[PDB]
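Here's the structure, in structure tokens; my notes come after.
Just so it is clear, none of the values below were taken in a lab; they were calculated from the coordinates. Note that we place each Cβ from the backbone using ideal geometry, even for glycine, and neighbour counts take in every protein chain shown.
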Amino acid sequence: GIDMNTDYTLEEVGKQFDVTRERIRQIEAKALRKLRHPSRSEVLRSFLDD
DNA sequence: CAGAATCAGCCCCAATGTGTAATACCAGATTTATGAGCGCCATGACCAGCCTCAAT
């Protein structure tokens, strides 16, 4: 739910993008892995107050 | 000329407004909590080539 009124489910997103649900899942997992890769999001890691 | 009436002037009585510096039971109806169940977005496991390199 980023920069929009509401979020969209994975199936509606796949339908809008003409991409299967599993391919959408794999692309999301690749994006999450790339964000978990180091040398990035250092301020995001610093955003924890514990 | 003195009389008292109905109007302004005057006066007594009531009213509000102020007061600082950090019982009993009976019956009939309703609802929240545990009963399971359909159904599913998303977890874990494959599995075909287009996209990305090598030797001659």
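Given (1) surrounded by 10 or more Cβ atoms within 10 Å (Cβ to Cβ); (2) more than 10 Å from DNA strand B (Cβ to nearest atom), where does A:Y8 come up short, assuming only one miss?
So A:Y8 meets the others, but not (2).
Please specify each residue of region A:33-50 satisfying the condition of being within 16 Å of DNA strand B (Cβ to nearest atom) and exposed (fewer than 10 other Cβ atoms within 10 Å of the Cβ). Walk me through it before giving the result.
Taking region A:33-50 first, the residues within 16 Å of DNA strand B (Cβ to nearest atom) are A:33-36.
Hits for region A:33-50 are A:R33, A:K34, A:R36.
Which pairs have Cβ atoms under 7 Å, sit 6 or more apart or on different chains, and link a residue in region A:1-12 that is among the small types (G, A, S) to one that is within 14 Å of DNA strand B (Cβ to nearest atom)?
What qualifies is A:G1/A:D7.
Using the structure shown, decide if A:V19 is near DNA strand B (Cβ under 9 Å from one of its atoms) and not acidic (D, E).
On the way: near DNA strand B (Cβ under 9 Å from one of its atoms): no; not acidic (D, E): yes.
No.
Mind checking which residues of region A:13-27 are at negative phi and without any contact (Cβ under 8 Å) to a residue 12 or more places away in the chain?
Let us first name the residues in region A:13-27 that are at negative phi, namely A:13-17, A:19-27.
If the condition is that a residue be at negative phi and without any contact (Cβ under 8 Å) to a residue 12 or more places away in the chain, then A:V13, A:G14, A:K15, A:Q16, A:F17, A:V19, A:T20, A:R21, A:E22, A:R23, A:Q26, A:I27 are the ones that fit.
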